[PDB]
């Protein structure tokens, strides 16, 4: 049917946050599974648990803390979600994407979406960072789009375009800068496909997603990106390739959450250095 939040609910939450912190973020960063350590490098950090914040969705997941952290990252005013919400948990997409519109109302102009993802492109290795050039929204094709229902004109248009969702200039700048990281592995770029989960893919399903032209797969991110673009936010995205999706019947290996968290923790230092360089490539407001 429809979004349960009114415009006033988003506004009340934003105003509450603005009156309880001196921080005025330009960039919002959503931290994915095992990527919560990205909040460690924030200076002058102020923490809000989701339970404190009016209208915020309330449950957990292990690997995802449940807190909003305001601070400076490489001198840039940021707000960071440590713990995102997923459709597989039972949330409708208008709950999943609620914070994105809150960030818009806080005065954020840029959303950085991060996630763990399974590698579908065979040239990707575990520990690679893949810039999200584009996505395939499989749930969206069937009806599961966060904009379903009446459009709120105060956020955006009825029929927003998504062909330019992942900012071209930021990706070019992130690629050219990656020279400064001094890494053996080059920065990957490709298409993220969203599937609902929560179960991992079969071999046949992996091959479907490969045939469709997806380079990495996950269960998040796309709804947030749609809502961000709907309200005019610049969007940058990247995936940590935490595992190679099983694509043959001979293998005895199986995708599993423990391996996903481990890959996150092993890459944590490299992710923090990359997000630092990323802040320098973000245009200022106005």
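Residue numbers count along the first chain shown, from 1.
*Asks:* For the C-alpha atoms alone, is the average B factor greater in 250 to 258 or in 237 to 245, going by the entry?
*Replies:* The stretch with the larger mean CA B-factor is 250 to 258.
*Asks:* On mean C-alpha B-factor from the PDB entry, just flag whether 23 to 31 or 225 to 233 is the higher one.
*Replies:* Per the deposited B-factors, the answer is 23 to 31.
*Asks:* Would the CA B-factor of residue 46 place it in the lowest, middle or highest third of its chain?
*Replies:* Its C-alpha B-factor, which the entry lists for residue 46, ranks in the middle third among residues of this chain.
*Asks:* With respect to C-alpha B-factor, does residue 205 fall in the lowest, middle or highest third of the chain as deposited?
*Replies:* Lowest third.
*Asks:* Sorting by Cα B-factor within the chain, modelled residues only, which third would residue 140 end up in: lowest, middle or highest?
*Replies:* Ranked within chain, residue 140 CA B lands in the lowest tercile.
*Asks:* State the tercile, meaning the lowest, middle or highest third, of residue 169 with respect to the CA B-factors recorded for its chain.
*Replies:* Middle third, going by the recorded CA B-factors of the chain.
*Asks:* Report the third (lowest, middle or highest) to which the CA temperature factor of residue 163 belongs, ranking only the modelled residues of the same chain.
*Replies:* Lowest third - that is where residue 163 ends up once the chain's C-alpha B-factors are sorted.
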